[PDB]
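A short write-up of the structure that comes next.
Protein chains: 2
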Amino acid sequence: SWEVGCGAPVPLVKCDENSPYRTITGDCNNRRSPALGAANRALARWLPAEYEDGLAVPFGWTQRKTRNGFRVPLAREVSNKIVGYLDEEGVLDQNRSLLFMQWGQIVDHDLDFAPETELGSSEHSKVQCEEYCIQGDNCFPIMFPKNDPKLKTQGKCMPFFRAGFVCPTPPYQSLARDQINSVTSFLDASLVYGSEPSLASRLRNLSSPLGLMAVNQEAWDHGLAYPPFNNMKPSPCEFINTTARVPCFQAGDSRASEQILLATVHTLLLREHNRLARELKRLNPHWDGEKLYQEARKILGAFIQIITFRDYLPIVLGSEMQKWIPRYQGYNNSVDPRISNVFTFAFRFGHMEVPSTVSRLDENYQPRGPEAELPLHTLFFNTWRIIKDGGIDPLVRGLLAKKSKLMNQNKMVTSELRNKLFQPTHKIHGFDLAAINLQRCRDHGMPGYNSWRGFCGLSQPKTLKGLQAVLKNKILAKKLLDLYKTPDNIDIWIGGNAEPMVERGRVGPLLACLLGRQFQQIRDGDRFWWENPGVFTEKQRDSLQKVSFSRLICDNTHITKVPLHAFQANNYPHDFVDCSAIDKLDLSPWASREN
Amino acid sequence: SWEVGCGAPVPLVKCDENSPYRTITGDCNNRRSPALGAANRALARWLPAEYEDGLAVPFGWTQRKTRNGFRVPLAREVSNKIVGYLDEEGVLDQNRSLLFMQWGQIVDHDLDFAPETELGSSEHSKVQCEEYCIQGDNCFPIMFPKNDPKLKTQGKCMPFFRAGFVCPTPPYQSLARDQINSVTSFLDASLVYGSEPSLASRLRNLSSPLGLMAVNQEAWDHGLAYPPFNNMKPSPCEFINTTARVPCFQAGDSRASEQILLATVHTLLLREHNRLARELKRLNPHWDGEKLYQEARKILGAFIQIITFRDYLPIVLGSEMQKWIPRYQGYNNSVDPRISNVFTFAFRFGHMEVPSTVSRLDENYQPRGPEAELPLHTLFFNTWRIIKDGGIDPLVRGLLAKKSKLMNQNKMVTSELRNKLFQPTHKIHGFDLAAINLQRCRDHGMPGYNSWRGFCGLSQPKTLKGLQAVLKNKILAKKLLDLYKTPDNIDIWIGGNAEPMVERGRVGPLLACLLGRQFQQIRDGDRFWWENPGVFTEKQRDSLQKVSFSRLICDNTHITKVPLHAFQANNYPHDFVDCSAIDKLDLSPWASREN
Ligand code: HEM
Ligand code: HEM
Ligand SMILES: *[C@@H]1O[C@H](CO)[C@@H](O[C@@H]2O[C@H](CO)[C@@H](O[C@H]3O[C@H](CO)[C@@H](O)[C@H](O)[C@@H]3O)[C@H](O)[C@H]2NC(C)=O)[C@H](O)[C@H]1NC(C)=O
Ligand SMILES: *[C@@H]1O[C@H](CO)[C@@H](O[C@@H]2O[C@H](CO)[C@@H](O[C@H]3O[C@H](CO)[C@@H](O)[C@H](O)[C@@H]3O)[C@H](O)[C@H]2NC(C)=O)[C@H](O)[C@H]1NC(C)=O
Ligand SMILES: *[C@@H]1O[C@H](CO)[C@@H](O[C@@H]2O[C@H](CO)[C@@H](O)[C@H](O)[C@H]2NC(C)=O)[C@H](O)[C@H]1NC(C)=O
Ligand SMILES: *[C@@H]1O[C@H](CO)[C@@H](O[C@@H]2O[C@H](CO)[C@@H](O)[C@H](O)[C@H]2NC(C)=O)[C@H](O)[C@H]1NC(C)=O
Ligand SMILES: *[C@@H]1O[C@H](CO)[C@@H](O[C@@H]2O[C@H](CO)[C@@H](O)[C@H](O)[C@H]2NC(C)=O)[C@H](O)[C@H]1NC(C)=O
Ligand SMILES: *[C@@H]1O[C@H](CO)[C@@H](O[C@@H]2O[C@H](CO)[C@@H](O)[C@H](O)[C@H]2NC(C)=O)[C@H](O)[C@H]1NC(C)=O
Ligand SMILES: *[C@@H]1O[C@H](CO)[C@@H](O)[C@H](O)[C@H]1NC(C)=O
Ligand SMILES: *[C@@H]1O[C@H](CO)[C@@H](O)[C@H](O)[C@H]1NC(C)=O
Ligand SMILES: [Ca+2]
Ligand SMILES: [Ca+2]
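These protein sequence lines are chains B and A, in that order. Taking the authors' numbering as reference, the numbering of the first sequence is continuous, increasing by one, and the terminal residue is 595. Taking the authors' numbering as reference, the numbering of the second sequence is continuous, increasing by one, and the terminal residue is 595.
Now the structure itself:
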């Protein structure tokens, strides 16, 4: 039967039909099922939801209940007992640029986003959670264990809310809970253009009839632009440095400002749009604005798919790609292009690759000034360090020359992320990303480590001597279940990352499986995948295989010497070459001849 | 309506059932229904709650919904246009002592306390209501009209927190909201003995046999008692004058020290008890420390009741007393003894009987001192002016010799109360009792004015020519609805207080009703009312029939000249006689004898 409980707000689009262009909402990619893969629809489930009341309450809610006959360890304890580490000494991946984790957070962002629930924009229930730590309704506090340093400093807990679900979000019911994905499952640069038409036009210079993205009129970077400042007052980017008074940037996506390096690449993508539109305009003079805006948007998306599948995914899945992402072979009209719930917890591995400091290099890539080397922690929702401090050129260099953190079984998440996190809703710099990642698993109802090791075809260990075989490490295998008590209860985020990394990759057996599949599907089920016949022509493609992130730099900044392979470890004199040694993306084929 | 309801936090006890003594909590009075009339229950309702969303948002909080098709007047605006005046001359009630005014406030405090809501305990939210004046779930501001003084001087609005409701304290749903009465509904002098098991005890000197209430050990008044100071740091009493640094008095009821005059009678009471206990002890040598309290505590309540129904009510109601309060025909157990909500707004008529200043007289009832007449406003929460500047003797001569404030359709409430009211919570001296009152009606869900004229079975005016016939004042009737636009929307408090006084009484036909009905009720449903058989003996009564407030003054102060009728006007020295001229209350009939 179909006890299809309740429905949906949803921008209802009617498709065009023959149009050679992508819709904003994400609809119509599919002819037999339109809304399949669009924004604001429940995340998909590869495996049945696992809640305490089997229907919607998270494990670790009604203390006096267990799973599989045990008490689920507090989120914050899992973090301390197993996730943290004090000494940053030589904890850096050595064949991976910082760019390697920045491009990650970007592709993640183009694929998913489960809105937190906040009804409340005047509200004090908003406060019964930050100030009293009382579980009830959407408030699901992250309690602290004994002798947790935070206790003498911030309170009894860390405010935390449940992720919105389909249908409303308020007085919730009926069938097994499924949370929403407010973005589009396609690598369609929807972080640059948006997911709701309403906002996709706000982003637009629509007074000049030459298709351009709206840009800042009050701030500059050597005659180069920054995204437009966001409207809404009580923005956090202002709070950080009350004096400076420079707000967050506004982009197709709403997380663009979390950290100064994220904002930076958001600027390159915004910038590449314009070089492309202007260019096309000059070549196809008769072309009209709307035509420019989308031929550009199309060029750009092709870009995010080629960098992502040619340069980025090989080196994550490593030797497990050929196995999961077979070589492309046409639109498989019948493949779920949607993002599964788990994916959004399996692609969080990146969290473990964020270094504890971001540095600014000066034209010869030398640490510039008295404060070129800052703490990751003083960079969340920070834009003034950009507007009022050298622009983003010195930051882009950092990304090219400095390396990312390497996932170490006994150095998982830097404290800058596990102890001093800034949440846009709050005032302190004392939240924890690891703990959040852990309850958030429970909020969404994920099944356990074993039920997932299963989904992939790997042994489901039960003996502590068994966990050791997989994790290839005793003391980790031990600390782990002195907490969970059984392999069947370990949270996927942690349980997955605990595994050693596959050959020449950056994630193990289970993560490789969950990512591999997901990615293949949004690539085989996307009607606009660039390589699929019709979306572009033989000659347009030929020109597209020559793009590179290195080239992206050369055309939108004043950097001059850059690496051929922006994603691997590169020292400054040798591994760098002046831009004229690198391919250019010939937009000639885009030329349209009249008669 | 015979149905179920929210059974929230209430001290639970077991009815002994044959104890000749009232419980402190008020519980067990009623045999068939225990709770009835108990403290911390929430207020009898005589009419439907009227709220804007039919459940809990005050009328006039959502800035666009109406009442009966019309916008509700700002709380403060009514106060400026109607309630206030600038000449305090000729405003004195020629035939009513200041004491009149004062006994009314004692009888009220014995009957009802609706706690306003929250505190927080280190809160960022008390701050969001006294700075930005932002509306929000517990904070319902009082906004300042345009062209109002307070604007230039205090700010945008003055703080106001809705009053406590019954299932919760914090935030939620389903039934018409009701406020809590934290004091026993019977006239049992519990402003003295308290309404809580735990406080009730602490308030007594258990370090002796003698069964007495504990007195202050740091300061005495000419060899006489004072109540003990209150622990509470961030005390209002000390803030007034830091140099003096004299804390608030601790009494059976919180408000005990809002003003020098109230805190005063609060001592005569306290002293009355210790006397009785002491006295009883010698006539009954073998009694118990414990038997001493409540034989006295019984003697005391009975005292309140008498003065209230016998010298006091007969002059508030006047020719409407027989109509509502017939002669006692004994305990009618089928009568709801609880205080209705409206009573708590009907009784505030006394807010308009407070004169502009408070005096201090020398033993010849001559102004005593360089600063005898003190403007009222510098007396809210004042204690040092007692303990340190004179004693209570000078004040009590004040009450007996000075006059109250006559209610006058033109001068409603003193400016010492309209503009300069002090609240314990906050710092400045610029609040408005009148505006609090009006705001407070909408908070308590008070049905409109007409909905009450009807309830008492009186003409309901619809037109302006209609409202003039009742108020017997054209101009007023006009000012009133140039603001309310319709008789239906006039806030009870004012509308009630607007009607011209009844014969030989001090309230209009409406209030006469409300107040008459309420009082009769707490008297006919109180199993312990004194005239009731069993409660006190035939002889015991015959001796209680002579208690007088003049005698109270005598036995417990060093005043020797007092009037027979302490409630009306009395000029010195013709209306004053020697304390030897007034009766004494013989306790000989309380003499128990062995076999
Ligand atoms: C600071 C934060 C980052 C940089 C130090 C960072 C980085 C990444 C990378 C590199 C990712 C994948 C390659 C990635 C995936 C996802 N993140 Fe994370 N992130 C920072 C801070 C946050 C915060 C706060 C959140 C919200 C967490 C919550 O669940 O409440 C966050 C989330 C995510 C996320 C969820 C997307 C979604 O489903 O809505 C990823 C897939 N990041 N991040
Ligand atoms: C100062 C205050 C007084 C002295 C000038 C004063 C006096 C009286 C008298 C004489 C009353 C009866 C004849 C009387 C009744 C009630 N009051 Fe009032 N009062 C002073 C100050 C206040 C403040 C502040 C309040 C709270 C107002 C609010 O609505 O928030 C107050 C209340 C009341 C009240 C309500 C009891 C209740 O239902 O909770 C009376 C019946 N007074 N007062
Ligand atoms: C708040 O944001 C301010 C930006 O508007 C920032 O002010 C600037 O920072 C420093 C003050 O210490 C000065 O800048 C110089 O600092 C180093 C030397 O330490 C130089 O190498 C740099 O080139 C740079 O010129 C600026 O004078 C100052 N500007 C202003 C207006 O103060 C503050 O640092 C921020 N304050 C906080 C607490 O975050
Ligand atoms: C703060 O409270 C003080 C009382 O605790 C009060 O001071 C009192 O008033 C004056 C001191 O200024 C003294 O009274 C008079 O004393 C002799 C008469 O005997 C006169 O010659 C003096 O000039 C003075 O007028 C009291 O002794 C003094 N009380 C105490 C305990 O010191 C202040 O007036 C109060 N301040 C405010 C702002 O209210
Ligand atoms: C660092 O990573 C690079 C990137 O993969 C490695 O070079 C690749 O090596 C594989 C075979 O192992 C080849 O398919 C490619 O020709 C190489 N790609 C690039 C971009 O160079 C390199 O071997 C790694 N460095 C070390 C020391 O292992
Ligand atoms: C929209 O596009 C127009 C066209 O370029 C922008 O106007 C130019 O702005 C630059 C720098 O701000 C000036 O040097 C030129 O003089 C302007 N050109 C013309 C023809 O007026 C405009 O700034 C853009 N606005 C937004 C919000 O992006
Ligand atoms: C002041 O008010 C009281 C009560 O209203 C008056 O009391 C009545 O006075 C008249 C004499 O004029 C008689 O009807 C009664 O004997 C009194 N009853 C009471 C309870 O006192 C009082 O007398 C008024 N002042 C004057 C001079 O009448
Ligand atoms: C509690 O009651 C006792 C019993 O009388 C009080 O004790 C006497 O207090 C007087 C007055 O200060 C002293 O002169 C006596 O010396 C005390 N006698 C005894 C046996 O203690 C006591 O002061 C009272 N305390 C309180 C706080 O009320
Ligand atoms: C797509 O589905 C078809 C239909 O069953 C099948 O030929 C094949 O498994 C899929 N093709 C690709 C390229 O994935
Ligand atoms: C007792 O109260 C009941 C209920 O209000 C009422 O019927 C009647 O007035 C009273 N009975 C007598 C005999 O007075
Ligand atoms: Ca997308
Ligand atoms: Ca009482």
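Every residue, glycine too, gets a C-beta built ideally from N, C-alpha and C.
Residue nearest to residue i in terms of C-alpha spacing, selected from the options
{"i": "B/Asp-253", "options": "B/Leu-203, B/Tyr-293 and B/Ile-307", "result": "B/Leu-203"}
{"i": "B/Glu-353", "options": "B/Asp-583, B/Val-316, B/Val-547 and B/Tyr-449", "result": "B/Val-316"}
{"i": "A/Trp-220", "options": "A/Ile-260, A/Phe-59, A/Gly-390 and A/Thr-537", "result": "A/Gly-390"}
{"i": "B/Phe-144", "options": "B/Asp-87, B/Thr-537, B/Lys-388 and B/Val-78", "result": "B/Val-78"}
{"i": "A/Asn-473", "options": "A/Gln-518, A/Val-358, A/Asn-408 and A/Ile-492", "result": "A/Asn-408"}
{"i": "B/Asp-311", "options": "B/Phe-549, B/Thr-66 and B/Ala-56", "result": "B/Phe-549"}
{"i": "B/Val-358", "options": "B/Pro-533, B/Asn-364, B/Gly-289 and B/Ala-372", "result": "B/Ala-372"}
{"i": "B/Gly-104", "options": "B/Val-246, B/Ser-319 and B/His-351", "result": "B/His-351"}
Presumed contact (8 Å Cβ cut-off) between residue i and residue j, rounded CB distance
{"i": "B/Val-166", "j": "B/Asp-148", "result": "Incorrect: roughly 35 Å between the Cβ atoms, too far for contact."}
{"i": "A/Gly-525", "j": "A/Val-335", "result": "4 Å"}
{"i": "B/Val-183", "j": "B/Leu-406", "result": "Contact flag wrong, Cβ pair sits at about 29 Å."}
{"i": "B/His-273", "j": "B/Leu-300", "result": "6 Å"}
{"i": "A/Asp-578", "j": "A/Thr-557", "result": "Going by Cβ atoms, the distance from A/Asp-578 to A/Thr-557 rounds to 14 Å, so no, they are not a contact pair."}
{"i": "A/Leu-481", "j": "A/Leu-467", "result": "7 Å"}
Nonlocal neighbours in the same chain, by C-beta distance under 8 Å from residue i, ignoring five residues either side
{"i": "A/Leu-511", "result": "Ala-346, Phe-349, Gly-496, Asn-497 and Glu-499"}
{"i": "B/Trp-529", "result": "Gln-305, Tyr-328, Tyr-331, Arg-523 and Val-535"}
{"i": "A/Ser-97", "result": "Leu-399, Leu-400, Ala-401, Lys-402, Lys-403, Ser-404, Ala-566, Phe-567, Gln-568, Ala-569 and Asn-570"}
{"i": "B/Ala-42", "result": "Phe-165, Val-166, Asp-178, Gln-179, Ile-180 and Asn-181"}
Ligand 9 heavy atom lying under 8 Å from the CB of residue i
{"i": "B/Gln-545", "result": "no"}
{"i": "B/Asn-230", "result": "no"}
Extent of the continuous alpha helix (DSSP H) to which residue i belongs
{"i": "A/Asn-437", "result": "433-443"}
{"i": "A/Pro-236", "result": "236-240"}
Residues near residue i in its chain [Cβ-Cβ closer than 6 Å; skip 5 each side]
{"i": "A/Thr-264", "result": "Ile-392 and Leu-395"}
{"i": "A/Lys-150", "result": "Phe-144"}
{"i": "A/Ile-82", "result": "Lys-479"}
{"i": "A/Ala-225", "result": "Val-215 and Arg-271"}
Continuous beta strand (DSSP E) stretch holding residue i: start and end
{"i": "B/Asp-578", "result": "576-578"}
{"i": "A/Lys-403", "result": "403-405"}
{"i": "A/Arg-96", "result": "92-97"}
{"i": "B/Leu-374", "result": "373-375"}
{"i": "B/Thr-357", "result": "357-359"}
Close-in-space but distant-in-sequence residues of the same chain around residue i (CB under 7 Å, 5 per side omitted)
{"i": "B/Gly-5", "result": "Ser-174 and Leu-175"}
{"i": "B/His-266", "result": "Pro-227, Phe-249, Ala-251 and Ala-256"}
Residue i Cβ short of 8 Å to ligand 5 heavy atom set
{"i": "B/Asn-80", "result": "no"}
{"i": "B/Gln-568", "result": "yes"}
Contact test: residue i Cβ vs ligand 2 heavy atom, cutoff 8 Å
{"i": "A/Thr-344", "result": "yes"}
{"i": "A/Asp-112", "result": "yes"}
Closer than 8 Å: residue i CB and nearest ligand 1 heavy atom
{"i": "B/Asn-205", "result": "no"}
heavy atom of ligand 7 below 8 Å from residue i C-beta
{"i": "A/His-574", "result": "no"}
Ligand 3 heavy atom lying under 8 Å from the CB of residue i
{"i": "B/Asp-221", "result": "no"}
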